[PDB]
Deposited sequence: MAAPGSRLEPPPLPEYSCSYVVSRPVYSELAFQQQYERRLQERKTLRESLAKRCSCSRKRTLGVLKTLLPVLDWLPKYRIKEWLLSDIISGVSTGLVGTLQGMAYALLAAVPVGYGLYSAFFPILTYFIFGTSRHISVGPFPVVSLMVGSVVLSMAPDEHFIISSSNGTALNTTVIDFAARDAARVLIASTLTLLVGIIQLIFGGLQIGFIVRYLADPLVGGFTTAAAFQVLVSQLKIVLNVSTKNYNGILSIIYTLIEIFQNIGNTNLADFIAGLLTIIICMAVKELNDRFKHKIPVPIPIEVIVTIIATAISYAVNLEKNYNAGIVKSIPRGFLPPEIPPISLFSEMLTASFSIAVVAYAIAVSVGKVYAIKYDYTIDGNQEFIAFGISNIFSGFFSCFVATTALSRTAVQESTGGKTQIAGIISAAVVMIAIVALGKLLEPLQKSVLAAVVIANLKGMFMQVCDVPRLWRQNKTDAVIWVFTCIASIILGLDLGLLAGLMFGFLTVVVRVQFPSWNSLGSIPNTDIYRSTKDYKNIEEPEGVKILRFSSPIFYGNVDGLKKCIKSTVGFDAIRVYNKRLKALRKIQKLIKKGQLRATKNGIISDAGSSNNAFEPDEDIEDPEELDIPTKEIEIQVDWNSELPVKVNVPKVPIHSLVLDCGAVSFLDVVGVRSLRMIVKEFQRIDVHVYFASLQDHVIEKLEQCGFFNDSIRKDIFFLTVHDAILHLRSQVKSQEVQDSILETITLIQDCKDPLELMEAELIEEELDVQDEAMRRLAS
């Protein structure tokens, strides 16, 4: 077959260089970008049906996720209404449904509970004033999140979601599922548990819940358990029996309607002392400027909430964009969601993002442009102004059970954890660390710790690389580790070391140790012994994988070269990239008799050059 034949001079870097010479309508994305390009002829019907369906779903979803936040039921309607309208303008994706997404809602509610506890606020009981303070805190947090997202989009840093690795995303998702399960379990049991804010909070809440389980409201518990059973049964049947009925069954909406029907008919609120929403505001409240003085106590939480919400939004947007063959602007997504959160925070809402289930409902029933979003917002509006009284008898345990039923996919990742461990240990370590940190910490603090641990794992993987002592395959130019192939011959008096990493400070000490181990000695000690009195003659450093190089790395390389030259041992560098050589020359490496003549193109020119002497 084909043969590898090449005849050329032995090029050093100096010789190679001698012979071959070197050397305005986007930030505010218009609705006019697609409204003139609309398809009113046929798209109107699909948009209307899709919007009605996703609005029916999203009213219930926002109502339920308002419990995840520490705000009274009714402000979830505002959170499902306002951001959709103000994302219809600046939004790039045309399939996602803007809403609470209970993970972000639970982060917001954790912040609100921390900044407005039951005992710290009410000393009389002042439900109304406490709810007002909680709403103000949620609005302030939403405004801060929107400001942060707008700043990030303006700075065009949309790649920060790359740092949200799949393992840490999965671990954070499982931990958030556990936290949401604990919160909604507190809600369904109708048990009055004091809120624990800080570290180990979830386990303290579980301890108090299992201590107060004797005070469980039987009616609420049965309602929640039946809602969960019905929802998961219908979801499993849809997953199995999927060839027919392509549109997923909106079981949650029907379950809520029926449960509200019985709650009104038999009046569980008075007869069985059930925990119902009991209050829904009618009409739209006037906008109120949040107190910016609280921004200092929300920074570490607003940052994490913004990052998580934007990551979820872009994830769903990309999932549907690759399906419908279009591209979403990440920085414009940041702009759209930052403006959305600012607008919603001004109008008394908590942080808004997209939800995979709501987006799936919107798309599967005739998914088209964001006009479906406007229709869903209109449905939420008529729910706010008209259907508010009808939803009063509905129990909160039903909403909490709906969220718990939806938690299955989030809980499912512990099954793929062991496969992650079998494939790559560090990825499973990142997963488990993110899960544990987000459990025994805040979800915001857990996310920050998971990101930080991902950075640390990258640094450690770069800092402790694979290094080999290379030898030549006979009659070829192929050099492999001598201990791996058993047909590898060690060259005469010359050791070849491959350090498969960029050289920085941690790598500097690692590389010094690796060279000392490979050559079998250290230049300092032998030089000192020879001075007091008064096996290897060449060391080739295979630097093909040396990506970057810092001042500490250049200083270490110079020190190694000088130390080995002091004992009449020549150090040669091979396979160094052009940019690394530029870094060496601009870091002052080529001073004091270096002259770039000890640099070769591959580790075969070095060996041939040594054989020439």
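Ranges of the deposited sequence (numbered from 1) for which no C-alpha atom is modelled: Those parts of the chain that were deposited but carry no coordinates are 1 to 16, 40 to 63, 165 to 175, 586 to 653, 733 to 780.
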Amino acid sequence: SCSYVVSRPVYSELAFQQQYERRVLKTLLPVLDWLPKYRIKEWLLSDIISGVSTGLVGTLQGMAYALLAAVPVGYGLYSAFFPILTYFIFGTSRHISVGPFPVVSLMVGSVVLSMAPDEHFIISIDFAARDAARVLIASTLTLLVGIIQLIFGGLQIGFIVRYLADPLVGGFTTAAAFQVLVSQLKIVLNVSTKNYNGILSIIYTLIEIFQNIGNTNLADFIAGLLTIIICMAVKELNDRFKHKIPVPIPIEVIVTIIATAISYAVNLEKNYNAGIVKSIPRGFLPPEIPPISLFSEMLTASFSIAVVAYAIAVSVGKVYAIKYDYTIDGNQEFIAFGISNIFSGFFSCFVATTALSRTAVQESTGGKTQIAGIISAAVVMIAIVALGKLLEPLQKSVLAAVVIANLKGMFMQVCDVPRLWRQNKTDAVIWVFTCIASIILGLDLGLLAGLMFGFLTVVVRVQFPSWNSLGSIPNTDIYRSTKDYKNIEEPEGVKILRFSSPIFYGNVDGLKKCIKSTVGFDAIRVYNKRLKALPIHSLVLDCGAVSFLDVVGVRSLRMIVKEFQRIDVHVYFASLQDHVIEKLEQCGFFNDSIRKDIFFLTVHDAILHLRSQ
From here on, numbers count along this sequence of modelled residues.
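Basically, rigid core = biggest C-alpha set you can superpose within 1.5 Å across the two forms.
Positional deviation of Cα atoms in 4 other deposited structures of this protein after core superposition, greater for 518 to 526 or 175 to 183: With the rigid core superposed, the C-alphas that lie farther in 4 other deposited structures of this protein are those of 518 to 526.
Greater root mean square CA deviation, 48 to 56 compared with 561 to 569 in 4 other deposited structures of this protein, core aligned: With the rigid core fitted, 561 to 569 is the stretch that strays more in 4 other deposited structures of this protein.
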